[PDB]
Amino acid sequence: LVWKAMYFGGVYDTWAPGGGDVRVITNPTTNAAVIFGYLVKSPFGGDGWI
Amino acid sequence: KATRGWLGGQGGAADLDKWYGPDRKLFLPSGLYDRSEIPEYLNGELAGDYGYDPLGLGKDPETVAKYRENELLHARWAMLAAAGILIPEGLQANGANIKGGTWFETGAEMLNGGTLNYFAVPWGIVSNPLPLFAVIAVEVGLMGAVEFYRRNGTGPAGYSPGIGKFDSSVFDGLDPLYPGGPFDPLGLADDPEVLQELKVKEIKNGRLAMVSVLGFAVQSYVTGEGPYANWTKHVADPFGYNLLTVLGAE
Amino acid sequence: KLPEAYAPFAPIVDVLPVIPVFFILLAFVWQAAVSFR
Amino acid sequence: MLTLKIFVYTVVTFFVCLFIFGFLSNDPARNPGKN
Amino acid sequence: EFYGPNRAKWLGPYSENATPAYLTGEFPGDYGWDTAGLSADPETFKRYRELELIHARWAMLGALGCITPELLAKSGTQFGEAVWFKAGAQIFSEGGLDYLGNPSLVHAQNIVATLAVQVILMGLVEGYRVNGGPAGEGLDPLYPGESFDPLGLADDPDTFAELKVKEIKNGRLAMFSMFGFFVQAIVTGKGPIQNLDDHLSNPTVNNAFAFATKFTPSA
Amino acid sequence: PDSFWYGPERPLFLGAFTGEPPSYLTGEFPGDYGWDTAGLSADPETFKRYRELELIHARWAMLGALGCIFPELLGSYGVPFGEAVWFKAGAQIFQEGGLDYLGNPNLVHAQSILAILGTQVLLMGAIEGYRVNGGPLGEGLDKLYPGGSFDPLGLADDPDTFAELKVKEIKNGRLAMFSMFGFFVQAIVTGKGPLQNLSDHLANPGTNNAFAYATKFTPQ
Amino acid sequence: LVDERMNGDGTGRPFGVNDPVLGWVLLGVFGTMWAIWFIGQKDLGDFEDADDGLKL
Amino acid sequence: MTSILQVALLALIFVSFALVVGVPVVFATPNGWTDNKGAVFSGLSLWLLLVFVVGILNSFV
Ligand code: CHL
Ligand SMILES: CCCCCCCCCCCCCCCCCC(=O)OC[C@H](CO[C@@H]1O[C@H](CO[C@H]2O[C@H](CO)[C@H](O)[C@H](O)[C@H]2O)[C@H](O)[C@H](O)[C@H]1O)OC(=O)CCCCCCCCCCCCCCCCC
Ligand code: CLA
Ligand code: CLA
Ligand SMILES: CC1=C[C@H](O)CC(C)(C)[C@H]1/C=C/C(C)=C/C=C/C(C)=C/C=C/C=C(C)/C=C/C=C(C)/C=C/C1=C(C)C[C@H](O)CC1(C)C
Ligand SMILES: CC1=C[C@H](O)CC(C)(C)[C@H]1/C=C/C(C)=C/C=C/C(C)=C/C=C/C=C(C)/C=C/C=C(C)/C=C/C1=C(C)C[C@H](O)CC1(C)C
Ligand SMILES: CCCCCCCCCCCCO[C@H]1O[C@H](CO)[C@@H](O[C@H]2O[C@H](CO)[C@@H](O)[C@H](O)[C@H]2O)[C@H](O)[C@H]1O
């Protein structure tokens with residue numbers, strides 16, 4: 001899946017300027033803190049967990 | 001010759017019952033191919049024997065050995081050919097000025113008065129100044145001499161291959177298709193079971209190279225590029241560039 | 001829609017999704033064949 | 001108001017740790033059967 | 001000569017009483033120089049001999065690999081960085097590390113991968129040396145021979161001993177030269193071949209004493 | 001003894017590639033992996049002295065690693081130390097307010113370095129004199145494992161547990177000494193606290209590693 | 001501001017901690033319980049042999 | 001060449017129906033797998049050949 005999103009074409013980014021479109025994720029967020037913040041985040045409103 | 005394993009522990013040929021004897025691997029699994037239908041001449045003696053003989057081309061052991069000679073010679077030539085088809089194209093496509101490029105175009109590069117550049121991987125690239133006719137003459141003479149030596153079974157004494165033991169005199173008694181001795185400078189065939197395992201590896205890699213060279217030829221004829229170009233383009237765009245896309249492009 | 005070359009085979013597809021369900025029923029039929037041994 | 005949060009966190013952590021380490025204490029061998 | 005009692009010594013003629021008792025000229029390159037008495041114990045002597053041999057071989061390789069790229073660059077080959085103590089930093093260049101400057105050879109751009117591959121391969125080969133491996137198991141720890149002597153240059157015992165002495169002497173010279181390389185790089189700041197060229201340009205002024213006051217502790 | 005860490009079947013420092021360990025390293029002491037390639041322990045007396053040195057170094061370095069890590073962590077969390085970094089904490093005594101334990105002006109509040117040095121010299125001299133030659137807290141005890149008043153909780157009565165704990169102590173001590181060597185080298189090279197280095201590495205592991213400083217000491 | 005608040009309802013802090021004392025309390029309680037369990041582990045019987053534990 | 005593609009596809013459908021009806025019968029019938037290896041092998045090979053031929057024809061259409 002990562003290779004599909006990064007090299008072979010792209011994935012449908014819905015947050016692209018204007019209406020969303022297919023884009024290549026050249027800089028995935030590999031930072032440990034950002035990635036693991038979702039798991040330990042609360043599941044209640046406002047946070048929503050993963 | 002006492003050795004240990006590559007990753008520690010005891011070293012040797014591991015288990016040779018997978019490739020030899022009544023118990024072995026076959027070209028079909030156990031449930032689809034019982035051991036009773038194996039042809040009687042396909043016993044666990046020759047290396048890389050999967051009990052594969054549809055249409056019964058082989059008839060009996062001596063014909064099997066006669067065809068084994070051709071199979072092994074073809075396998076070794078195809079290994080050399082696959083290496084020499086893949087490496088120069090990849091070298092040229094990455095910056096080197098090989099001037100030959102794809103295998104199916106190297107021949108015409110030396111037509112007219114043209115010459116060929118030869119890259120010594122580690123070291124420089126030279127511009128070999130031989131003309132075409134000199135190349136033809138040298139090739140035919142050397143190949144004729146070597147094949148005559150192979151057919152007769154005897155040859156001249158003491159050439160210089162970097163051999164471990166020098167001053168070779170007589171080739172008598174050496175097994176054809178596995179001469180050893182002068183052709184084994186590193187002495188990796190002294191151990192018998194290790195020799196059997198190496199024989200199996202040799203024949204399997206050779207068959208793979210034969211199939212790969214056939215693929216080289218067919219897909220180079222179809223697509224019109226070298227195998228390296230096809231590989232790189234397919235890796236870059238798997239679904240976009242393949243056989244189905246190439247066929248019927250117009 | 002399906003590609004035009006495969007247009008005539010449209011009805012077959014209309015039956016395909018419900019096939020797995022039939023499988024479970026087949027199991028019961030098999031049990032009826034062996035008299036629910 | 002943060003002292004209440006500390007107290008609640010301490011109590012909850014203590015009880016959850018008790019629960020976790022209770023089942024690690026060879027619980028499956030607490031049955032009365034013969035084996 | 002080079003063996004037995006009447007062998008060459010580290011002090012020449014004035015060495016009859018200098019040699020320790022335990023150094024009896026049995027091993028190659030035994031000049032009887034143990035003034036500090038660090039190898040009185042035979043086991044420690046054997047360990048030091050093995051360390052010396054391995055250091056000598058590595059120093060031979062290092063000296064040759066320091067000399068070669070600088071001379072080749074002087075010949076007219078673009079290396080990107082030819083000086084030995086600056087040749088490791090070109091892995092971070094935009095063009096990567098290219099063998100002999102050719103862009104189609106090696107062309108390495110990631111340092112972590114190269115370090116990991118080196119760690120794995122070197123660990124395997126050093127472990128093979130310690131305990132034995134594919135080449136052999138029951139061989140001499142320092143002179144395995146067999147698979148490591150393909151040409152068979154060591155088969156007659158006196159020739160083998162003479163070659164061992166030549167090996168140890170060339171290795172000691174290489175170790176001395178490599179220590180010189182380190183000190184010159186720290187002090188001078190230019191490649192050893194450049195240092196030799198500068199000395200040949202004007203020996204009377206281009207020597208080590210020109211840098212004597214470099215490390216003055218004035219503060 | 002009869003345990004995984006003693007005898008000829010003990011684990012060794014090169015795995016399967018270690019071969020046969022040296023003869024004098026028979027495997028009767030804690031943390032014996034048979035690593036004496038340099039052959040510095042051929043003489044048993046020298047072996048005993050080196051064992052004593054290793055154990056004392058291990059204990060001191062365990063204490064040092066803990067004392068280097070803890071104040072910087074507390075200062076990062078918010079405690080107002082004078083100088084939280086381990087290799088800068090010594091210069092607090094030159095500050096106008098003097099050294100303040102935990103950042104409090106009523107804790108210690110040292111002012112003169114000479115008094116600290118003198119009292120440390122006296123106390124540590126007495127301490128090490130008692131360690132070498134028996135003192136008030138036991139006279140005829142083992143040099144490395146006195147026990148008695150130094151093992152109040154009775155964790156070393158069982159000889160098997162005693163050997164296991166000795167192995168654990170030596171392993172943790174070797175790890176601590178390795179980490180303290182790392183502390184020294186990182187302080188010399190990077191110039192920041194060990195926790196700062198860890199945070200920088202975690203922020204961007206691809207680029208914030210040691211090789212970033214590789215071209216720092218090149219001569220010019 | 002009329003009064004003071006914690007202001008952490010929608011921030012999504014990890015484990016719901018916004019002060020290091022909370023994390024210290026978490027680690028301290030967990031470590032104390034783990035230490036007690038480790039000390040008492042000797043009474044639970046050792047499963048040193050490869051094939052041990054409840055099984056069928 | 002849509003006609004050829006459709007004919008080959010219909011042949012594939014018929015072969016697949018025959019295979020799915022026959023293979024369970026051959027397997028579950030006692031002493032049936034031994035004496036019907038050739039038929040099953042030919043059927044499977046024909047199925048693979050037809051699907052590949054249909055793919056090639058689709059590439060040509
Ligand atoms: C007869 C005269 C004679 C003398 C005096 C020596 C003496 C020596 N030989 Mg011997 N040899 C001699 C004849 C022979 N040697 C040899 C074969 C060998 C070998 C193979 C070796 C030696 C080595 C040595 C050295 C061993 C001790 C040492 O390392 O010095 C160290 C002390 C000094 C050199 C004195 C200090 C130098 C200077 C006066 C001080 C410099 C001051 C600096 C400016 C300091 C500034 C730095 C500051 C910042 C701290 C020593 C120079 C060994 C060697 O060369 O190792 C280095 C060695 O490997 N010799 C042969 C062949 C048979 C000889 C024939 O006659
Ligand atoms: C809840 C989710 C929270 C967020 C996510 C966190 C993820 C964390 C992942 C890593 C930790 C996972 C731990 C899971 C619980 C299982 C622990 C366990 O089954 O553990 C079981 C094993 C058993 O160990 C074995 O126990 C055996 C029995 O020992 C006994 O017998 C021995 C002699 O035979 C000795 O005498 C010994 O003294 C005696 O106790 C032997 O000792 C073996 O050598 C020994 O390996 O323990 C061990 O694996 C070793 C210990 C493992 C790590 C434990 C870390 C605990 C916290 C450390 C920091 C605390 C800080 C406190 C600060 C307080 C002050 C502020
Ligand atoms: C979970 C799947 C699974 C597992 C564990 C096995 C395991 C086994 N099979 Mg079975 N088999 C499977 C799937 C599986 N098979 C499927 C899907 C088919 C239909 C093609 C068969 C057809 C089959 C036959 C006809 C026979 C076996 C036999 C065997 C046994 C030995 C030979 C062997 O390894 O197969 C050999 C199977 C192959 C060589 C198929 C090619 C596999 C390669 C590696 C491709 C792998 C693809 C990739 C890794 C995964 C793709 C993922 C995704 C696309 C689905 C072994 C117990 C033999 C046996 O027990 O005899 C009594 C036997 O005669 N199998
Ligand atoms: C242990 C000793 C040692 C070490 C650590 C290094 C380390 C290095 N060398 Mg040096 N080098 C050495 C010995 C050593 N060299 C010796 C003995 C020679 C003389 C042959 C050289 C000649 C040399 C050149 C000419 C160049 C380097 C370069 C490099 C760098 C790239 C390494 C690389 O990619 O190679 C791995 C490369 C490959 C695996 C590709 C195949 C190359 C093969 C292995 C060469 C084998 C040579 C052969 C065995 C001996 C010569 C045979 C001859 C007598 C016929 C690296 C800093 C390059 C560099 O960065 O320039 C500064 C460069 O251009 N080295
Ligand atoms: C005898 C005696 C006696 C008495 O009793 C006592 C006493 C005095 C103590 C003694 C003495 C001793 C001595 C003298 C010693 C010395 C040593 C040395 C010098 C070594 C070196 C040693 C040295 C060495 C190893 C070196 C090595 C090197 C190397 C690897 C290098 C590498 C490289 C190269 C190639 C280059 C590139 O760019 C990179 C690199 C990678 C960098
Ligand atoms: C084994 C062997 C074998 C072979 O044969 C040979 C050889 C190789 C030689 C060998 C090896 C060896 C080794 C490795 C060694 C090492 C060591 C170390 C590292 C130590 C450390 C060690 C270390 C240590 C002690 C450390 C210590 C520390 C300390 C005190 C600290 C303190 C402190 C602190 C707290 C903090 C504050 O703020 C300040 C101070 C006050 C500063
Ligand atoms: C082993 C299994 C491998 C399976 C192969 C993987 C799939 C890749 C092959 C795709 C088929 C070949 O594709 C190639 O021919 C098709 C002809 O209809 C084209 O498909 C085209 O069909 C219609 C036009 O007739 C259009 O609605 C499509 O937009 C157009 O893509 C493809 O644009 C072309 O790239």
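About the criteria used
Residues numbered from 1 in each chain as written, not as in the entry; some residues may be left out. Chains lettered and ligands numbered in written order. Part of a larger assembly, values for the part shown. Heavy atoms only, no water. Helix = DSSP H or I, 4+ residues; strand = E, 2+ residues; numbered from the N terminus. Rg over C-alpha atoms; globule rule 2.2 N^0.38 Å. Pairing = 2+ DSSP bridges. Near = heavy atom within 4 Å. Polar contact = N/O pair within 3.5 Å; in protein donor to acceptor, adjacent residues only side chain to side chain. Nonpolar A, V, L, I, M, F, W, Y, C, P; charged D, E, K, R; others polar. Core = buried A, V, L, I, M, F, W, Y, C linked by side-chain atoms within 4.5 Å. Buried < 20%, exposed > 50% of the residue type's maximum accessible area, 1.4 Å probe, protein only. Contact = heavy atoms within 4.5 Å. Buried area = accessible area lost by both parts, 1.4 Å probe. Salt bridge = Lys/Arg side-chain N within 4 Å of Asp/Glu carboxyl O. Axes fitted to C-alpha atoms, helices over the stretch in contact; angles between N-to-C directions. Parallel < 35°, antiparallel > 145°, perpendicular 65-115°, else oblique. Left-handed = near helix turned anticlockwise from the far one by under 90°.

> Any details on the overall build of chain B? Residues and values, ideally.
Broken down by element type, chain B carries six helices and two strands. Secondary structure elements of chain B occur, N-terminal to C-terminal, as α-α-β-β-α-α-α-α. At 23 Å, chain B has a C-alpha radius of gyration far larger than the 18 Å of a compact globule built from 250 residues. For the C-alpha atoms alone, the extent of chain B along its principal axes is close to 55 × 55 × 45 Å.

> Tell me what's going on with the pairing of strand β2 (residues 125-128) of chain B, and back it up with residues and numbers.
Residues and elements named next belong to chain B. Sheet topology places strand β1 (residues 116-119) next to β2; four bridges connect them, and they run antiparallel. Bridged to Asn117 within β2 is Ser127. Two successive antiparallel strands, β1 and β2, enclose a turn made up of five residues, where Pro122 displays a positive phi of approximately 40°.

> So what about the site of ligand 1? Which residues, and what values?
Residues and elements named next belong to chain E. Lining the immediate environment of ligand 1, one finds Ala8, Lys9, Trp10, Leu11, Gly12, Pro13, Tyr14, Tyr31, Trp33 and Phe176. Between a nitrogen atom of ligand 1 and a main-chain N or O atom of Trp10, the distance comes to 3.0 Å. Grouping the constituent residues of the shell around ligand 1 by class yields eight nonpolar, one polar and one charged.

> An account of the site of ligand 3 is needed here, citing residue identities and associated values.
Lining the immediate environment of ligand 3, one finds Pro29, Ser30, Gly31 and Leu32 of chain B. Counted by class, the shell around ligand 3 contains two nonpolar, two polar and no charged residues.

> Please give an account of the nonpolar core that cites residues and values.
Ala5, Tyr6 and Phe9 of chain C together with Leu5, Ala8, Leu9, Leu12, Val15, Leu50, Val54 and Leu57 of chain H form the largest nonpolar core, which has 11 residues in total. Within the residue set of this core, elements represented by two or more residues are α1 (2-28) and α2 (37-59) of chain H. Looking at this core element by element, the count peaks at five residues for α1 of chain H. When neighbours within four sequence positions are excluded, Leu57 of chain H is seen to be in contact with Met1, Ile4, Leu5 and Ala8 of chain H.

> Describe in detail the interface of chain G and chain D, supporting the description with residues and values.
Chain G puts 18 residues into the contact, and the matching count from chain D is 14 residues. Counting each side, the surface lost to burial between chain G and chain D is near 1,600 Å², with a carbon and sulfur contribution of 79%. A per-residue breakdown of the area chain G buries against chain D is headed by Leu22, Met33 and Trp37 of chain G, which together make up 31% of the total. The tally of links between chain G and chain D comes to zero salt bridges. Applying the counting criterion to the chain G and chain D interface returns six residue pairs in polar contact.

> Quick rundown of unusual backbone geometry? Include the residues and the values.
All names here are of chain B. In the Ramachandran plot, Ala14 falls in the positive-phi region, its phi being about 60° despite a non-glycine side chain. Counting through the fold element by element, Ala14 comes out in the segment before α1 (61-93). One non-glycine residue, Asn112, lies in the positive phi region at around 55°.

> Talk me through the pattern of salt bridges; I want residue IDs and the actual numbers.
As enumerated under the stated definition, the model contains 22 salt bridges over all chains in all. For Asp32 of chain F, the salt bridge identified is with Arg10 of chain F, shortest N-O distance 3.5 Å. On the criterion of sequence distance, the pair formed by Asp32 of chain F in the segment before α1 (44-77) and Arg10 of chain F in the segment before α1 is long-range, its members being 22 residues apart. Of the two residues examined, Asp32 of chain F and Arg10 of chain F, each falls in the buried class. Taking the shortest distance from any N to any O, the salt bridge between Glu169 of chain F and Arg59 of chain F comes out at 3.2 Å. Here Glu169 of chain F, found in helix α3 (residues 159-189), pairs with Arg59 of chain F, found in helix α1; they are 110 residues apart in sequence, far enough to count as distant. One salt-bridge network, held together by shared partners, links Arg68, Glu71 and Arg207 of chain B.

> Give me the packing of α1 of chain B against helix α4 (residues 192-223) of chain B: which residues, what numbers.
Residue and element names in this part refer to chain B. At their nearest, the axes of α1 and α4 sit 7 Å apart, and the two run at 60° to each other. One finds that α1 runs oblique with respect to α4. Two packed elements cross with a definite hand, and for α1 against α4 that hand is left-handed. Along the contact surface, α1 presents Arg68, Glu71, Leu72, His74, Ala75, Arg76, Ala78, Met79, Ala81, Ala82, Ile85 and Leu86, while α4 presents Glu202, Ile203, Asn205, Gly206, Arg207, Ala209, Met210, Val213 and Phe216. Its residues assigned to classes, the contact of α1 with α4 shows 13 nonpolar, three polar and five charged.

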